[PDB]
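Q: PDB, C-alpha atoms and all ligand atoms, saved as protein_1.pdb, coming up:
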```pdb
MODEL        1
ATOM      1  CA  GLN Q   5      27.313   3.144  19.386  1.00  0.00           C
ATOM      2  CA  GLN Q   6      27.347  -0.491  20.514  1.00  0.00           C
ATOM      3  CA  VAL Q   7      27.289  -1.507  16.826  1.00  0.00           C
ATOM      4  CA  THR Q   8      27.711   0.526  13.610  1.00  0.00           C
ATOM      5  CA  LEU Q   9      26.198  -0.487  10.251  1.00  0.00           C
ATOM      6  CA  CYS Q  10      27.346   1.588   7.271  1.00  0.00           C
ATOM      7  CA  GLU Q  11      27.320  -0.816   4.326  1.00  0.00           C
ATOM      8  CA  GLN Q  12      24.225  -1.387   2.213  1.00  0.00           C
ATOM      9  CA  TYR Q  13      22.021  -3.995   3.899  1.00  0.00           C
ATOM     10  CA  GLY Q  14      24.245  -4.016   6.980  1.00  0.00           C
ATOM     11  CA  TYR Q  15      22.500  -6.131   9.580  1.00  0.00           C
ATOM     12  CA  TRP Q  16      22.202  -6.616  13.338  1.00  0.00           C
ATOM     13  CA  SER Q  17      20.017  -9.079  15.218  1.00  0.00           C
ATOM     14  CA  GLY Q  18      19.299  -9.390  18.916  1.00  0.00           C
ATOM     15  CA  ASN Q  19      16.571  -9.988  21.513  1.00  0.00           C
ATOM     16  CA  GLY Q  20      13.972 -10.736  18.813  1.00  0.00           C
ATOM     17  CA  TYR Q  21      14.665  -7.428  17.051  1.00  0.00           C
ATOM     18  CA  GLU Q  22      16.827  -6.538  14.078  1.00  0.00           C
ATOM     19  CA  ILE Q  23      18.229  -3.465  12.334  1.00  0.00           C
ATOM     20  CA  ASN Q  24      18.973  -3.251   8.616  1.00  0.00           C
ATOM     21  CA  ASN Q  25      20.960  -0.380   7.065  1.00  0.00           C
ATOM     22  CA  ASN Q  26      18.585  -0.796   4.162  1.00  0.00           C
ATOM     23  CA  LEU Q  27      20.016   1.531   1.512  1.00  0.00           C
ATOM     24  CA  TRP Q  28      18.008  -0.123  -1.245  1.00  0.00           C
ATOM     25  CA  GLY Q  29      17.552   2.961  -3.431  1.00  0.00           C
ATOM     26  CA  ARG Q  30      21.039   4.402  -3.070  1.00  0.00           C
ATOM     27  CA  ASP Q  31      21.795   4.064  -6.775  1.00  0.00           C
ATOM     28  CA  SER Q  32      19.167   6.800  -7.321  1.00  0.00           C
ATOM     29  CA  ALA Q  33      21.370   9.344  -5.512  1.00  0.00           C
ATOM     30  CA  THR Q  34      24.030  11.563  -7.048  1.00  0.00           C
ATOM     31  CA  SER Q  35      25.887  11.560  -3.714  1.00  0.00           C
ATOM     32  CA  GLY Q  36      25.491  10.552  -0.117  1.00  0.00           C
ATOM     33  CA  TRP Q  37      25.873   8.009   2.647  1.00  0.00           C
ATOM     34  CA  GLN Q  38      24.041   6.523   5.625  1.00  0.00           C
ATOM     35  CA  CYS Q  39      24.819   4.409   8.697  1.00  0.00           C
ATOM     36  CA  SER Q  40      22.625   2.908  11.391  1.00  0.00           C
ATOM     37  CA  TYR Q  41      23.750   2.681  14.994  1.00  0.00           C
ATOM     38  CA  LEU Q  42      22.562   0.338  17.723  1.00  0.00           C
ATOM     39  CA  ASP Q  43      22.479   2.202  21.026  1.00  0.00           C
ATOM     40  CA  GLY Q  44      21.057  -0.593  23.149  1.00  0.00           C
ATOM     41  CA  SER Q  45      18.844  -3.639  23.104  1.00  0.00           C
ATOM     42  CA  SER Q  46      16.939  -5.893  25.452  1.00  0.00           C
ATOM     43  CA  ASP Q  47      13.913  -8.158  25.337  1.00  0.00           C
ATOM     44  CA  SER Q  48      11.679  -5.151  26.043  1.00  0.00           C
ATOM     45  CA  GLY Q  49      12.832  -3.149  23.010  1.00  0.00           C
ATOM     46  CA  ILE Q  50      15.776  -1.402  21.441  1.00  0.00           C
ATOM     47  CA  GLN Q  51      17.315   2.041  21.018  1.00  0.00           C
ATOM     48  CA  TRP Q  52      19.024   3.098  17.805  1.00  0.00           C
ATOM     49  CA  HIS Q  53      19.721   5.992  15.484  1.00  0.00           C
ATOM     50  CA  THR Q  54      20.664   6.644  11.886  1.00  0.00           C
ATOM     51  CA  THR Q  55      22.539   9.494  10.227  1.00  0.00           C
ATOM     52  CA  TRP Q  56      22.394  10.193   6.511  1.00  0.00           C
ATOM     53  CA  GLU Q  57      22.933  12.665   3.726  1.00  0.00           C
ATOM     54  CA  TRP Q  58      21.404  12.047   0.296  1.00  0.00           C
ATOM     55  CA  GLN Q  59      21.396  14.335  -2.738  1.00  0.00           C
ATOM     56  CA  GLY Q  60      19.915  13.953  -6.195  1.00  0.00           C
ATOM     57  CA  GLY Q  61      17.007  11.844  -7.394  1.00  0.00           C
ATOM     58  CA  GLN Q  62      14.436  14.138  -5.819  1.00  0.00           C
ATOM     59  CA  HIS Q  63      11.421  11.804  -6.038  1.00  0.00           C
ATOM     60  CA  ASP Q  64      13.202   8.504  -5.280  1.00  0.00           C
ATOM     61  CA  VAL Q  65      13.600   6.976  -1.841  1.00  0.00           C
ATOM     62  CA  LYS Q  66      17.257   6.251  -1.215  1.00  0.00           C
ATOM     63  CA  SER Q  67      16.753   4.115   1.878  1.00  0.00           C
ATOM     64  CA  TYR Q  68      14.407   2.742   4.489  1.00  0.00           C
ATOM     65  CA  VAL Q  69      16.715   1.892   7.372  1.00  0.00           C
ATOM     66  CA  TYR Q  70      14.567   0.198   9.988  1.00  0.00           C
ATOM     67  CA  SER Q  71      14.312  -1.675  13.223  1.00  0.00           C
ATOM     68  CA  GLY Q  72      12.203  -4.789  12.656  1.00  0.00           C
ATOM     69  CA  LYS Q  73      10.385  -7.064  15.091  1.00  0.00           C
ATOM     70  CA  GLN Q  74      11.151 -10.743  14.600  1.00  0.00           C
ATOM     71  CA  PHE Q  75       8.408 -13.382  14.601  1.00  0.00           C
ATOM     72  CA  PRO Q  76       7.707 -16.809  13.077  1.00  0.00           C
ATOM     73  CA  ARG Q  77       6.548 -16.996   9.485  1.00  0.00           C
ATOM     74  CA  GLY Q  78       3.075 -18.378   8.912  1.00  0.00           C
ATOM     75  CA  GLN Q  79       0.994 -16.099  11.134  1.00  0.00           C
ATOM     76  CA  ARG Q  80      -2.324 -15.335   9.447  1.00  0.00           C
ATOM     77  CA  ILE Q  81      -3.416 -11.730  10.038  1.00  0.00           C
ATOM     78  CA  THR Q  82      -6.765 -12.936  11.403  1.00  0.00           C
ATOM     79  CA  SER Q  83      -4.977 -15.303  13.814  1.00  0.00           C
ATOM     80  CA  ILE Q  84      -3.057 -12.428  15.397  1.00  0.00           C
ATOM     81  CA  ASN Q  85      -4.654 -11.169  18.618  1.00  0.00           C
ATOM     82  CA  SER Q  86      -2.447  -8.119  19.030  1.00  0.00           C
ATOM     83  CA  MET Q  87       0.267  -6.248  17.145  1.00  0.00           C
ATOM     84  CA  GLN Q  88       1.092  -3.655  19.773  1.00  0.00           C
ATOM     85  CA  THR Q  89       3.994  -1.308  19.216  1.00  0.00           C
ATOM     86  CA  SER Q  90       5.614   1.625  20.984  1.00  0.00           C
ATOM     87  CA  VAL Q  91       8.083   4.076  19.523  1.00  0.00           C
ATOM     88  CA  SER Q  92       9.666   7.350  20.591  1.00  0.00           C
ATOM     89  CA  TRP Q  93      11.745   9.103  17.953  1.00  0.00           C
ATOM     90  CA  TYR Q  94      13.025  12.487  16.873  1.00  0.00           C
ATOM     91  CA  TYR Q  95      14.912  14.062  13.987  1.00  0.00           C
ATOM     92  CA  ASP Q  96      17.728  16.518  14.721  1.00  0.00           C
ATOM     93  CA  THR Q  97      16.558  18.839  11.905  1.00  0.00           C
ATOM     94  CA  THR Q  98      13.346  19.879  10.148  1.00  0.00           C
ATOM     95  CA  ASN Q  99      14.783  20.344   6.691  1.00  0.00           C
ATOM     96  CA  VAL Q 100      14.988  16.924   5.127  1.00  0.00           C
ATOM     97  CA  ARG Q 101      12.749  15.278   2.598  1.00  0.00           C
ATOM     98  CA  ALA Q 102      11.854  12.072   4.373  1.00  0.00           C
ATOM     99  CA  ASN Q 103       9.190  10.391   6.477  1.00  0.00           C
ATOM    100  CA  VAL Q 104       9.012   8.349   9.665  1.00  0.00           C
ATOM    101  CA  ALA Q 105       6.930   5.271   9.064  1.00  0.00           C
ATOM    102  CA  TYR Q 106       6.051   1.747  10.040  1.00  0.00           C
ATOM    103  CA  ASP Q 107       6.306  -0.627   7.084  1.00  0.00           C
ATOM    104  CA  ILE Q 108       4.382  -3.908   7.164  1.00  0.00           C
ATOM    105  CA  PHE Q 109       4.203  -6.481   4.360  1.00  0.00           C
ATOM    106  CA  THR Q 110       1.712  -9.328   4.145  1.00  0.00           C
ATOM    107  CA  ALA Q 111       1.411 -12.087   1.571  1.00  0.00           C
ATOM    108  CA  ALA Q 112      -0.717 -15.143   0.898  1.00  0.00           C
ATOM    109  CA  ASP Q 113       2.600 -17.026   0.590  1.00  0.00           C
ATOM    110  CA  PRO Q 114       3.896 -17.265   4.179  1.00  0.00           C
ATOM    111  CA  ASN Q 115       7.438 -17.614   2.760  1.00  0.00           C
ATOM    112  CA  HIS Q 116       7.229 -14.457   0.640  1.00  0.00           C
ATOM    113  CA  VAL Q 117      10.505 -12.560   0.338  1.00  0.00           C
ATOM    114  CA  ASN Q 118      10.803  -9.868   3.023  1.00  0.00           C
ATOM    115  CA  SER Q 119      11.388  -7.055   0.501  1.00  0.00           C
ATOM    116  CA  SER Q 120       7.705  -6.782  -0.561  1.00  0.00           C
ATOM    117  CA  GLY Q 121       4.367  -8.556  -0.239  1.00  0.00           C
ATOM    118  CA  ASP Q 122       0.894  -8.870  -1.673  1.00  0.00           C
ATOM    119  CA  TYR Q 123       0.060  -5.787   0.389  1.00  0.00           C
ATOM    120  CA  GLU Q 124       1.897  -3.042   2.208  1.00  0.00           C
ATOM    121  CA  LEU Q 125       0.603  -1.210   5.260  1.00  0.00           C
ATOM    122  CA  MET Q 126       2.434   2.014   6.142  1.00  0.00           C
ATOM    123  CA  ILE Q 127       1.790   4.253   9.132  1.00  0.00           C
ATOM    124  CA  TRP Q 128       3.489   7.618   8.605  1.00  0.00           C
ATOM    125  CA  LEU Q 129       4.190   9.189  11.977  1.00  0.00           C
ATOM    126  CA  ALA Q 130       5.751  12.193  10.230  1.00  0.00           C
ATOM    127  CA  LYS Q 131       6.324  13.697   6.793  1.00  0.00           C
ATOM    128  CA  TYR Q 132       9.114  16.212   6.088  1.00  0.00           C
ATOM    129  CA  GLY Q 133       9.374  18.305   2.970  1.00  0.00           C
ATOM    130  CA  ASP Q 134       7.014  17.679   0.067  1.00  0.00           C
ATOM    131  CA  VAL Q 135       7.280  13.850   0.143  1.00  0.00           C
ATOM    132  CA  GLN Q 136       4.069  11.995  -0.777  1.00  0.00           C
ATOM    133  CA  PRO Q 137       2.817   8.432  -0.199  1.00  0.00           C
ATOM    134  CA  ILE Q 138       1.987   5.888  -2.880  1.00  0.00           C
ATOM    135  CA  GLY Q 139      -1.219   6.471  -4.789  1.00  0.00           C
ATOM    136  CA  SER Q 140      -3.830   9.078  -3.941  1.00  0.00           C
ATOM    137  CA  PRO Q 141      -5.585  10.137  -0.725  1.00  0.00           C
ATOM    138  CA  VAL Q 142      -9.051   8.716  -0.198  1.00  0.00           C
ATOM    139  CA  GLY Q 143     -10.040  10.671   2.919  1.00  0.00           C
ATOM    140  CA  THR Q 144      -9.559  10.893   6.653  1.00  0.00           C
ATOM    141  CA  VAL Q 145     -10.136   7.728   8.668  1.00  0.00           C
ATOM    142  CA  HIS Q 146     -10.447   7.138  12.404  1.00  0.00           C
ATOM    143  CA  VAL Q 147      -8.182   4.254  13.473  1.00  0.00           C
ATOM    144  CA  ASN Q 148      -6.752   3.355  16.899  1.00  0.00           C
ATOM    145  CA  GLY Q 149      -8.143   6.495  18.520  1.00  0.00           C
ATOM    146  CA  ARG Q 150      -6.546   8.882  15.984  1.00  0.00           C
ATOM    147  CA  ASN Q 151      -7.321  10.420  12.616  1.00  0.00           C
ATOM    148  CA  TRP Q 152      -5.252   9.531   9.559  1.00  0.00           C
ATOM    149  CA  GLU Q 153      -5.255  10.514   5.917  1.00  0.00           C
ATOM    150  CA  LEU Q 154      -5.516   7.178   4.087  1.00  0.00           C
ATOM    151  CA  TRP Q 155      -3.625   6.913   0.782  1.00  0.00           C
ATOM    152  CA  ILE Q 156      -4.101   3.934  -1.530  1.00  0.00           C
ATOM    153  CA  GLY Q 157      -2.104   2.957  -4.578  1.00  0.00           C
ATOM    154  CA  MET Q 158      -0.145   0.278  -6.376  1.00  0.00           C
ATOM    155  CA  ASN Q 159       3.600  -0.280  -6.254  1.00  0.00           C
ATOM    156  CA  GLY Q 160       3.894  -2.753  -9.103  1.00  0.00           C
ATOM    157  CA  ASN Q 161       1.491  -5.557  -8.241  1.00  0.00           C
ATOM    158  CA  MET Q 162       1.602  -4.738  -4.495  1.00  0.00           C
ATOM    159  CA  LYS Q 163      -1.319  -2.723  -3.093  1.00  0.00           C
ATOM    160  CA  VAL Q 164      -0.152  -0.062  -0.614  1.00  0.00           C
ATOM    161  CA  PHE Q 165      -2.235   1.531   2.148  1.00  0.00           C
ATOM    162  CA  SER Q 166      -0.551   4.478   3.879  1.00  0.00           C
ATOM    163  CA  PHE Q 167      -2.083   6.063   6.996  1.00  0.00           C
ATOM    164  CA  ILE Q 168      -0.678   9.593   7.411  1.00  0.00           C
ATOM    165  CA  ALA Q 169      -0.696  11.333  10.787  1.00  0.00           C
ATOM    166  CA  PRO Q 170      -1.964  14.948  10.535  1.00  0.00           C
ATOM    167  CA  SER Q 171       0.999  16.239  12.577  1.00  0.00           C
ATOM    168  CA  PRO Q 172       4.243  14.516  13.611  1.00  0.00           C
ATOM    169  CA  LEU Q 173       3.715  11.793  16.237  1.00  0.00           C
ATOM    170  CA  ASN Q 174       7.096  11.658  17.955  1.00  0.00           C
ATOM    171  CA  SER Q 175       5.790   9.172  20.532  1.00  0.00           C
ATOM    172  CA  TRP Q 176       3.137   6.577  19.744  1.00  0.00           C
ATOM    173  CA  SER Q 177       1.763   3.417  21.341  1.00  0.00           C
ATOM    174  CA  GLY Q 178      -0.415   1.753  18.740  1.00  0.00           C
ATOM    175  CA  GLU Q 179      -2.347  -1.448  18.088  1.00  0.00           C
ATOM    176  CA  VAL Q 180      -1.568  -2.315  14.488  1.00  0.00           C
ATOM    177  CA  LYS Q 181      -4.434  -4.827  14.413  1.00  0.00           C
ATOM    178  CA  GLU Q 182      -6.706  -1.737  14.332  1.00  0.00           C
ATOM    179  CA  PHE Q 183      -5.286  -0.770  10.951  1.00  0.00           C
ATOM    180  CA  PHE Q 184      -5.652  -4.279   9.540  1.00  0.00           C
ATOM    181  CA  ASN Q 185      -9.177  -4.487  10.946  1.00  0.00           C
ATOM    182  CA  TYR Q 186     -10.035  -1.131   9.392  1.00  0.00           C
ATOM    183  CA  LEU Q 187      -8.721  -2.331   6.021  1.00  0.00           C
ATOM    184  CA  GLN Q 188     -10.472  -5.700   6.284  1.00  0.00           C
ATOM    185  CA  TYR Q 189     -13.899  -4.088   6.810  1.00  0.00           C
ATOM    186  CA  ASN Q 190     -13.543  -0.870   4.773  1.00  0.00           C
ATOM    187  CA  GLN Q 191     -11.121  -1.608   1.926  1.00  0.00           C
ATOM    188  CA  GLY Q 192     -11.794  -5.283   1.225  1.00  0.00           C
ATOM    189  CA  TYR Q 193      -8.441  -6.365   2.627  1.00  0.00           C
ATOM    190  CA  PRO Q 194      -8.474 -10.261   2.646  1.00  0.00           C
ATOM    191  CA  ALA Q 195      -6.882 -10.500   6.070  1.00  0.00           C
ATOM    192  CA  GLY Q 196      -7.894 -14.140   6.451  1.00  0.00           C
ATOM    193  CA  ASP Q 197      -5.770 -15.072   3.414  1.00  0.00           C
ATOM    194  CA  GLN Q 198      -2.687 -12.993   4.318  1.00  0.00           C
ATOM    195  CA  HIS Q 199       0.356 -13.809   6.469  1.00  0.00           C
ATOM    196  CA  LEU Q 200       2.601 -11.332   8.275  1.00  0.00           C
ATOM    197  CA  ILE Q 201       5.925 -10.960   6.443  1.00  0.00           C
ATOM    198  CA  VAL Q 202       7.705  -8.000   8.098  1.00  0.00           C
ATOM    199  CA  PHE Q 203       6.928  -5.493  10.851  1.00  0.00           C
ATOM    200  CA  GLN Q 204       9.303  -2.547  10.751  1.00  0.00           C
ATOM    201  CA  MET Q 205       9.736   1.033  11.907  1.00  0.00           C
ATOM    202  CA  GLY Q 206      12.140   3.396  10.232  1.00  0.00           C
ATOM    203  CA  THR Q 207      12.556   6.384   7.965  1.00  0.00           C
ATOM    204  CA  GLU Q 208      12.319   6.685   4.188  1.00  0.00           C
ATOM    205  CA  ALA Q 209      15.076   9.115   3.196  1.00  0.00           C
ATOM    206  CA  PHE Q 210      14.715  11.093  -0.048  1.00  0.00           C
ATOM    207  CA  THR Q 211      17.063  14.114   0.082  1.00  0.00           C
ATOM    208  CA  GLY Q 212      18.902  16.298   2.556  1.00  0.00           C
ATOM    209  CA  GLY Q 213      21.156  16.036   5.542  1.00  0.00           C
ATOM    210  CA  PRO Q 214      23.411  15.341   7.251  1.00  0.00           C
ATOM    211  CA  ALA Q 215      20.399  14.482   9.391  1.00  0.00           C
ATOM    212  CA  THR Q 216      19.942  12.098  12.297  1.00  0.00           C
ATOM    213  CA  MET Q 217      16.823  10.249  13.393  1.00  0.00           C
ATOM    214  CA  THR Q 218      17.051   9.017  16.980  1.00  0.00           C
ATOM    215  CA  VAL Q 219      14.804   6.167  18.099  1.00  0.00           C
ATOM    216  CA  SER Q 220      14.749   6.512  21.894  1.00  0.00           C
ATOM    217  CA  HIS Q 221      12.630   3.363  22.150  1.00  0.00           C
ATOM    218  CA  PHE Q 222      11.186   0.818  19.743  1.00  0.00           C
ATOM    219  CA  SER Q 223       9.224  -2.250  20.802  1.00  0.00           C
ATOM    220  CA  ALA Q 224       6.590  -4.511  19.346  1.00  0.00           C
ATOM    221  CA  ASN Q 225       4.553  -7.264  20.941  1.00  0.00           C
ATOM    222  CA  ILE Q 226       2.781  -9.736  18.667  1.00  0.00           C
ATOM    223  CA  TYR Q 227       0.451 -12.304  20.208  1.00  0.00           C
TER     224      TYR Q 227
HETATM  225  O1  LIG P   1      18.043  -8.059  -0.082  1.00  0.00           O
HETATM  226  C1  LIG P   1      18.608  -6.878   0.454  1.00  0.00           C
HETATM  227  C2  LIG P   1      17.694  -6.367   1.574  1.00  0.00           C
HETATM  228  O2  LIG P   1      16.367  -6.161   1.062  1.00  0.00           O
HETATM  229  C3  LIG P   1      15.690  -5.165   1.826  1.00  0.00           C
HETATM  230  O3  LIG P   1      14.345  -4.992   1.332  1.00  0.00           O
HETATM  231  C4  LIG P   1      14.445  -4.151   0.175  1.00  0.00           C
HETATM  232  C5  LIG P   1      13.113  -3.470  -0.002  1.00  0.00           C
HETATM  233  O4  LIG P   1      12.953  -2.599   1.098  1.00  0.00           O
HETATM  234  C6  LIG P   1      11.666  -2.113   1.236  1.00  0.00           C
HETATM  235  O5  LIG P   1      11.759  -1.112   2.212  1.00  0.00           O
HETATM  236  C7  LIG P   1      11.087  -1.429  -0.050  1.00  0.00           C
HETATM  237  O6  LIG P   1      11.304  -0.017  -0.054  1.00  0.00           O
HETATM  238  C8  LIG P   1      11.628  -2.016  -1.393  1.00  0.00           C
HETATM  239  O7  LIG P   1      11.564  -1.032  -2.475  1.00  0.00           O
HETATM  240  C9  LIG P   1      13.031  -2.640  -1.277  1.00  0.00           C
HETATM  241  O8  LIG P   1      13.266  -3.509  -2.376  1.00  0.00           O
HETATM  242  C10 LIG P   1      15.681  -5.504   3.400  1.00  0.00           C
HETATM  243  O9  LIG P   1      14.373  -5.663   3.979  1.00  0.00           O
HETATM  244  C11 LIG P   1      16.558  -6.743   3.837  1.00  0.00           C
HETATM  245  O10 LIG P   1      15.767  -7.795   4.411  1.00  0.00           O
HETATM  246  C12 LIG P   1      17.570  -7.303   2.775  1.00  0.00           C
HETATM  247  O11 LIG P   1      18.849  -7.458   3.394  1.00  0.00           O
ENDMDL
END
```
Taking this structure as input, can you express it in the form of structure tokens?
Ligand SMILES: OC[C@H]1O[C@@H](OC[C@H]2O[C@@H](O)[C@@H](O)[C@@H](O)[C@@H]2O)[C@@H](O)[C@@H](O)[C@@H]1O
A:
Amino acid sequence: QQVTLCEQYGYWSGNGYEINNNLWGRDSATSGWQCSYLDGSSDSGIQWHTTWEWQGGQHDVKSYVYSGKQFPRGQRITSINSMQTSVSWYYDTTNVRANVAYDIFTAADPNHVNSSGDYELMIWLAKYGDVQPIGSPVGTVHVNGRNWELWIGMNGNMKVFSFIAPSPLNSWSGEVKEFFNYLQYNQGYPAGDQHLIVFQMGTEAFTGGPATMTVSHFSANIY
């Protein structure tokens, strides 16, 4: 690929996008490895893939390698008109324990560290193996023209909302404001007090492989 990132927290930046070989939970594994590969980038989005094998620590995420959209700090969720995103992705195998998910952090502190937030909003486009979101399911919700199983729970002091697609969504053009709006008016999410911290798409890897997730296209448009 045009660039290869194998070390933990390996990093690429370009065209207002970034990729992080974010192997944050790798110490939970008895064995394994993972790289992220930039296939191409332009202002209109990027193309990348990641290959990994992880064994051991069955219930612990080893990594969340991601492509992130860059944006200025200090954007209040209620000031954002649109958080549109498009992604096309596919795994080269069914038999992994992993998901494919957008990860979004918000915090009242606009300078919050990018590794967490006051709140976390996940959109799980797919779920492989028996992997489960944070918390417990609260029912099926209609957001952005689709149905999702909404899970809610706490990761430490961070409240986590995970919207789970009922079947894998290998290609998706979404309006992430819809999910924030849903949460603001149905789950008491204080959107007017929160700032966008990160906006990422990637895969949480638990166990399995060697497996490859290919992102044919990833773009986001925040305005
Ligand atoms: O500081 C090293 C890198 O931190 C990374 O964030 C870590 C954070 O990742 C989330 O996905 C979540 O699963 C947390 O459990 C975990 O701590 C990363 O974003 C980079 O910005 C840093 O290079």
Q: Starting from the displayed file, determine the output of the PyMOL selection byres (((not hetatm)) within 12 of (chain P and resi 1)) and express the residue list as a VMD selection string.
A: chain Q and resid 11 to 17 22 to 30 32 64 to 74 105 to 109 116 to 121 123 to 126 137 to 138 159 to 160 162 164 201 to 210
Q: Of the candidates Q:61, Q:20, Q:172, Q:178, which shows the shortest atom-to-atom distance to residue Q:103, using all atoms listed in the file?
A: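 Selected residue with least distance to residue Q:103: Q:172.
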Q: For a quick check of understanding, using all atoms listed in the file, which of Q:50, Q:7, Q:104, Q:42 has the smallest distance to residue Q:217?
A: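 The answer is Q:104, which sits nearest to residue Q:217.
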Q: Evaluated on this file, the PyMOL selection byres (((chain Q and resi 19) around 6) and not hetatm) picks out some residues - which ones are they, written as a list in words?
A: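 The output of the PyMOL selection byres (((chain Q and resi 19) around 6) and not hetatm) on this file is residues 18, 20, 21, 46 and 47 of chain Q.
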Q: Evaluate the PyMOL selection byres (((chain Q and resi 57) around 7) and not hetatm) on the structure here and hand back the selected residues as an MDAnalysis selection string.
A: chainID Q and resid 36:38 56 58:59 212:215
Q: Using all atoms listed in the file, which residue out of Q:10, Q:39, Q:91, Q:129 lies closest to residue Q:173?
A: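 Checking each of Q:10, Q:39, Q:91, Q:129 against residue Q:173, counting all atoms listed in the file, the winner is Q:129.
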Q: With distances taken over all atoms listed in the file, which of Q:148, Q:190, Q:99, Q:8 is nearest to residue Q:127?
A: Q:148
Q: Between stretch 99-180 of chain Q and stretch 219-223 of chain Q, at 10 Å or less, what are the per-residue closest atom pairs and their distances in Å? Count all atoms listed in the file, order by chain and rising residue number, and return it as a tab-separated table.
A:
```
residue	atom	partner	partner_atom	distance
Q:174	CA	Q:219	CA	9.5
Q:175	CA	Q:221	CA	9.1
Q:176	CA	Q:222	CA	9.9
Q:177	CA	Q:223	CA	9.4
```
Q: Neighbours of residue Q:196 within 7 Å (only C-alpha atoms; same-chain residues fewer than 6 positions away dropped), as a ChimeraX atom specification?
A: /Q:80-82
Q: Just the residues within 12 Å of residue Q:197, please, counting all atoms listed in the file, with nothing from its chain fewer than 3 positions along; format it as a PDB file with C-alpha atoms, in the coordinates of the input.
A:
```
ATOM      1  CA  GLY Q  78       3.075 -18.378   8.912  1.00  0.00           C
ATOM      2  CA  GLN Q  79       0.994 -16.099  11.134  1.00  0.00           C
ATOM      3  CA  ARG Q  80      -2.324 -15.335   9.447  1.00  0.00           C
ATOM      4  CA  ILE Q  81      -3.416 -11.730  10.038  1.00  0.00           C
ATOM      5  CA  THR Q  82      -6.765 -12.936  11.403  1.00  0.00           C
ATOM      6  CA  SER Q  83      -4.977 -15.303  13.814  1.00  0.00           C
ATOM      7  CA  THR Q 110       1.712  -9.328   4.145  1.00  0.00           C
ATOM      8  CA  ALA Q 111       1.411 -12.087   1.571  1.00  0.00           C
ATOM      9  CA  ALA Q 112      -0.717 -15.143   0.898  1.00  0.00           C
ATOM     10  CA  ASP Q 113       2.600 -17.026   0.590  1.00  0.00           C
ATOM     11  CA  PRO Q 114       3.896 -17.265   4.179  1.00  0.00           C
ATOM     12  CA  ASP Q 122       0.894  -8.870  -1.673  1.00  0.00           C
ATOM     13  CA  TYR Q 123       0.060  -5.787   0.389  1.00  0.00           C
ATOM     14  CA  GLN Q 188     -10.472  -5.700   6.284  1.00  0.00           C
ATOM     15  CA  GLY Q 192     -11.794  -5.283   1.225  1.00  0.00           C
ATOM     16  CA  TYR Q 193      -8.441  -6.365   2.627  1.00  0.00           C
ATOM     17  CA  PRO Q 194      -8.474 -10.261   2.646  1.00  0.00           C
ATOM     18  CA  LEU Q 200       2.601 -11.332   8.275  1.00  0.00           C
TER      19      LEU Q 200
END
```
Q: Using only C-alpha atoms for the distances, tell me which of Q:180, Q:100, Q:115, Q:211 is nearest to residue Q:77.
A: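 Of Q:180, Q:100, Q:115, Q:211, the one nearest residue Q:77, counting only C-alpha atoms, is Q:115.
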Q: How far is it from atom CA of residue Q:51 to atom CA of residue Q:184, in Å with one decimal?
A: 26.4 Å
Q: Find, counting all atoms listed in the file, the residue in Q:224, Q:165, Q:182, Q:158 that gets nearest to residue Q:146.
A: Q:182
Q: So that all listed atoms of stretch 50-55 of chain Q fit with 3 Å spare on each side, what axis-aligned box centre and edge lengths in Å, to one decimal, would you give as lines of an AutoDock Vina configuration file?
A:
```
center_x = 19.2
center_y = 4.0
center_z = 15.8
size_x = 12.8
size_y = 16.9
size_z = 17.2
```
Q: Could you state the separation of atom CA of residue Q:48 and atom CA of residue Q:179 in Å, given to one decimal place?
A: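 Between these atoms lies a distance of 16.5 Å.
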Q: Do you have the atom CA of residue Q:98-atom CA of residue Q:53 distance handy?
A: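 Those two atoms sit 16.2 Å apart.
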Q: Return stretch 166-172 of chain Q, completed with N, CA, C and O atoms, as an mmCIF file, keeping the file's coordinate frame.
A:
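The new file part-v3.cif reads:
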```
data_model
loop_
_atom_site.group_PDB
_atom_site.id
_atom_site.type_symbol
_atom_site.label_atom_id
_atom_site.label_comp_id
_atom_site.auth_asym_id
_atom_site.auth_seq_id
_atom_site.Cartn_x
_atom_site.Cartn_y
_atom_site.Cartn_z
ATOM 1 N N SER Q 166 -1.362 3.628 3.012
ATOM 2 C CA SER Q 166 -0.551 4.478 3.879
ATOM 3 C C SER Q 166 -1.463 5.357 4.729
ATOM 4 O O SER Q 166 -2.257 6.139 4.193
ATOM 5 N N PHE Q 167 -1.342 5.237 6.048
ATOM 6 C CA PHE Q 167 -2.083 6.063 6.996
ATOM 7 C C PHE Q 167 -1.165 7.190 7.465
ATOM 8 O O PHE Q 167 -0.117 6.931 8.072
ATOM 9 N N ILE Q 168 -1.540 8.433 7.172
ATOM 10 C CA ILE Q 168 -0.678 9.593 7.411
ATOM 11 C C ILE Q 168 -1.195 10.360 8.623
ATOM 12 O O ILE Q 168 -2.341 10.831 8.626
ATOM 13 N N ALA Q 169 -0.342 10.516 9.635
ATOM 14 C CA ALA Q 169 -0.696 11.333 10.787
ATOM 15 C C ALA Q 169 -0.823 12.799 10.372
ATOM 16 O O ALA Q 169 -0.063 13.270 9.516
ATOM 17 N N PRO Q 170 -1.770 13.544 10.954
ATOM 18 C CA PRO Q 170 -1.964 14.948 10.535
ATOM 19 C C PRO Q 170 -0.871 15.886 11.019
ATOM 20 O O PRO Q 170 -0.671 16.950 10.412
ATOM 21 N N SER Q 171 -0.178 15.538 12.092
ATOM 22 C CA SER Q 171 0.999 16.239 12.577
ATOM 23 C C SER Q 171 1.978 15.179 13.054
ATOM 24 O O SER Q 171 1.588 14.026 13.272
ATOM 25 N N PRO Q 172 3.260 15.522 13.190
ATOM 26 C CA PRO Q 172 4.243 14.516 13.611
ATOM 27 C C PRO Q 172 3.874 13.888 14.950
ATOM 28 O O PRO Q 172 3.555 14.585 15.916
#
```
